[PDB]
Colleague: 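Let me give you the structure first, and then I'll get to my questions.
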Amino acid sequence: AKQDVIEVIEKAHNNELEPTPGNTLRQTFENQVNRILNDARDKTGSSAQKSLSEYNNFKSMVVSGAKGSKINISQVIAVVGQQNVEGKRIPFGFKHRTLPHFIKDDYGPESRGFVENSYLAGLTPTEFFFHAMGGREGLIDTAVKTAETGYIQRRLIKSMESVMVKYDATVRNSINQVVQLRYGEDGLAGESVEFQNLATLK
Amino acid sequence: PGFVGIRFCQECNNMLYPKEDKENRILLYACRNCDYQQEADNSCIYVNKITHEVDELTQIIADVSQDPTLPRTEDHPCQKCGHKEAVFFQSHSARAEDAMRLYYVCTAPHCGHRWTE
Amino acid sequence: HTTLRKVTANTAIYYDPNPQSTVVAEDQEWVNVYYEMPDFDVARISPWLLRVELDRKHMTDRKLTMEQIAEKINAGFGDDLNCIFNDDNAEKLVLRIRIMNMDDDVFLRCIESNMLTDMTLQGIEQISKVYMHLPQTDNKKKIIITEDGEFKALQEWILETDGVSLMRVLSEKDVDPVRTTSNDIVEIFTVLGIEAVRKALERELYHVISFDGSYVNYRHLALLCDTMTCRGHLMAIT
Amino acid sequence: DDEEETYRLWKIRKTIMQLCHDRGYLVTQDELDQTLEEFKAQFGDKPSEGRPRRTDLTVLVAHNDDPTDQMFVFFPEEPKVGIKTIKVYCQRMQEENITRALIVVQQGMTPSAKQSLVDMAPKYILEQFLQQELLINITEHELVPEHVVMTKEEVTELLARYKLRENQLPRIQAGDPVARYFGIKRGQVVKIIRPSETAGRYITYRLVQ
Amino acid sequence: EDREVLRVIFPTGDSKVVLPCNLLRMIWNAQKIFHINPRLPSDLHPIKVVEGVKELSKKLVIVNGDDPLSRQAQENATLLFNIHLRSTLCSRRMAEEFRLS
Amino acid sequence: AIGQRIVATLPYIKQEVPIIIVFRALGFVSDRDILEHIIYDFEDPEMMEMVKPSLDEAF
Amino acid sequence: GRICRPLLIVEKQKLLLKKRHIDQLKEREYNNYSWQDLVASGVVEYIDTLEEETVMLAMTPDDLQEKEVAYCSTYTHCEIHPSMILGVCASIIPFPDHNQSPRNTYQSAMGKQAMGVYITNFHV
Ligand SMILES: [Zn+2]
Ligand SMILES: [Zn+2]
């Protein structure tokens, strides 16, 4: 995968790369590199998953669905993978560099935040910092979405709070205006319904 | 076509603005501060390069070859001096979409030749 | 949408006192081929010329020609702004403007800066970009019923725009006015109405909820969407 | 420049015929589905020079229930229609003893003209339409459900069945695109029939405002 | 006719629907409660299936009233379920698929 | 209006001020002097045309 | 207010920190050879965030080795140790490079609520 990314970089450097419709050359190069590295991550994860025995306890908990996922196993055994900030690779926070340990204009996988180690192998210092950046993104998202989502929740509640099913089976608000002549267009409660198949449709 | 530069009066050192002389039907450059006039030599008053076909080799300076953080290569020798080593870097300039193009500079001192593959 | 700037390579203003002997050397052929017969009022000519250079790539990418461009200029500004041009054969796609009769040169600069922004050569305003593609998912494919009675998903071209003019795009030849829609619910309300925006709003909320694989009972979406549309207008939850 | 002009005229006429048919006016099947070539044969393919002139595109239909209840469709030539043109059309309607009309403007209509269209409502119910919004029949859109103007007897039956007042039904604006398509005024109720994924079919009723 | 109504309701061929009663599970429950032998001929008259499904459909009331407006609203409220019911409790399916008594 | 104008939001002043006005207020009245202070390479017409609107606005 | 950090200066492709400096640092308590003597020897340098942009760092002296394909070959500084990127509470995590980073953040927060002996003179 790293040789593939090197080949794509060499193509871009020699102007042997032409953009695809709907994207600029930078975006096309980024798409190619990200596709290569995602393919590498998925292939390595499949290798790790097939390596597992029936006695593996990660596989036990993932199989039962109790906890974990196959991506977690891949990150613990195979490779942690690409770290993204705002949906893109690690940005050039220095001048044309992600860290002072890299050369300028280095779009390689390790420079831009591809963790080629597993959690058991251990991250290198640059992989450690990039992974901390990616995890900081999740912490910020978790801590910032709450206010907006809670305000949305309160707004929805105050907008619909008094809408109720009446004894004539119509759904009405406090003003007694009719919102639905029957709840859900069918006058049925949502606990008792369930998924089925229409046998004469297909 | 090429751009057109600003030219200043010879008396007040203010910029000369374009003007047309109907009597001779000829372009003049005249100062709206003093009463100076000059016979133009280009005949072009304004140029807009919407395509922005700028040769970024002109923006490069040889001093960048002293940067320890730039990558160096031995595979692209200098055509002007024959030095083997050379630094390379991308455009990293706005208004340039196809900016994966590499620009090379010779690391030999006092040569400073710059080129592109 | 394509403005003159999107297809233009470079503009310039010259002082050409007599078009017969132009300032530029490569534009002397077609200018005399145009001037040997009087097509316009040569007396009502200004010495300030505005030469614009196009680029073959953008001309071909839109199937555009100097004829259409010159027609659009002579329509937006009438006969007051003369425009001439060569054939689509020369190595450089060039066309020359003059003003027919603030000073003249400033007026040429102003109309240059305006034409390069507001002169709509082709397309619909407010639609920046459009992407054509084949939908691999059946939700955007064309689901028909074959003569045998089976559901068949036809793999057809669909366009996704970056702006919205649903009002205009619907009324275009070879555009489906039945399935063409938008995600801007306000335009759906303005163009199609309250029940159309009710249905579209239900679709968009369902898309937001289900994109992460989740599922919410439809009666909850229906109740929310009826709350926002039961009074004939789009009632924001605010 | 000209083929597209006649195409637009044909499309506008097609939408107008569909609209009149949906309002309940007597429209023959032949003009209801009129091919573009048939339109060119009947009106021409050179509107720019004057064949067809928009004054030749004028439609006059009669209601199925009442032959005396007719309706006009005028196609003014000027892009921005002025009050004088409205007065001319109202004069013609007075002469021919017609009380309903549609004015398919091209660019728009002046404020004085709109105020004239609003003030004299009890005499002549004449509506305003942009040619841009008649190039498509919005009722054929997939998002638009089936709208049906109920009669006063039907509305009374509805309010008596569900035992409610008109202000308790959901609403539809008088300026709604579909309300304007069906030419319905305040006080009228429109029955909307739409498919429901939980019930199969759902009928709701919206009062015009 | 129900098939065409479904085809206009679900213009995409998605038969997954959310409905009150899981009729296949109830049929399975009946098969196991009464020890239905799928290999033997059944003693269920297909006319009994038709009549029973019609009476059942009459007994499932979401909108109450004999007036035509209530009749149409009742038709609409249980349309999809009644289609599912008629296509599941069909006489042929009840004869060669479920083989209920 | 025609091009891009350069302004300067000085402290204790609630209105934008053209840069050329500020340069003249500091004793540099000739346009040559101001562009000597702003543009250090006179072989570059791009910088020149981008500063020209500010001069045209302050004459 | 300029936050900076110390780094080992690098010669052509070698550290200036020779073995003699380590020798004098080992007997730090006898010959009073301290950190300041290391800085004064021109072997260590404080580099701020803005000067790091112009610096080419080696993560370890192993990066200064001549390789089959040289990455840089023109380094200017070296890390004293990469683990010094961590702070006080993250420097207590063992094997923090084998954890998901949110876990390291949660521990760095939870080492501060951990009981111990907050200070020796707690009796007074
Ligand atoms: Zn002067
Ligand atoms: Zn050289």
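Below, chains carry the letters A, B, ... as their sequence lines are ordered, and counting in each starts from 1. Atom set for the values below is all heavy atoms of this structure, side chains included, hydrogens, waters and symmetry mates excluded. First listed ligand is number 1; within each ligand, the first listed atom is number 1.
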Colleague: Ring centroids only, cut at 6.0 angstrom: are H76(B) and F88(B) within range, meaning strictly under it?
Modeller: no

Colleague: Taking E52(G) first and then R2(G), would you say they form a salt bridge - that is, a charged N and a carboxylate O separated by under 4.0 Å?
Modeller: no

Colleague: Is the distance between the ring centroids of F40(C) and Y35(C) less than 6.0 Å?
Modeller: yes

Colleague: Decide, counting backbone as well as side-chain atoms, whether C81(B) has an N, O or S atom less than 2.8 Å from the Zn ion (ligand 2).
Modeller: yes

Colleague: Can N31(A) and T28(A) be counted as having a side-chain donor-acceptor contact under 3.5 angstrom?
Modeller: no

Colleague: Any N/O/S atom of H113(B) sitting less than 2.8 Å from the Zn ion (ligand 2), backbone or side chain?
Modeller: no

Colleague: Rounded to 10°, how big is the angle at the Zn ion (ligand 2) from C106(B) SG to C78(B) SG?
Modeller: 120°

Colleague: Does a donor on one side chain and an acceptor on the other come within less than 3.5 Å for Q90(B) and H13(A)?
Modeller: yes

Colleague: Would you please classify the geometry between the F102(A) ring and the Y71(G) ring as parallel, tilted or perpendicular, with 30° and 60° separating the classes?
Modeller: perpendicular

Colleague: Return all protein N, O or S atoms below 2.8 Å from the Zn ion (ligand 1), chain by chain in residue order.
Modeller: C9(B) SG, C12(B) SG, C31(B) SG, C34(B) SG

Colleague: Hey, does the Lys NZ or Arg CZ of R112(A) hover above the aromatic six-ring of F92(A), less than 6.0 Å from the centre and inside 45° of the axis?
Modeller: yes

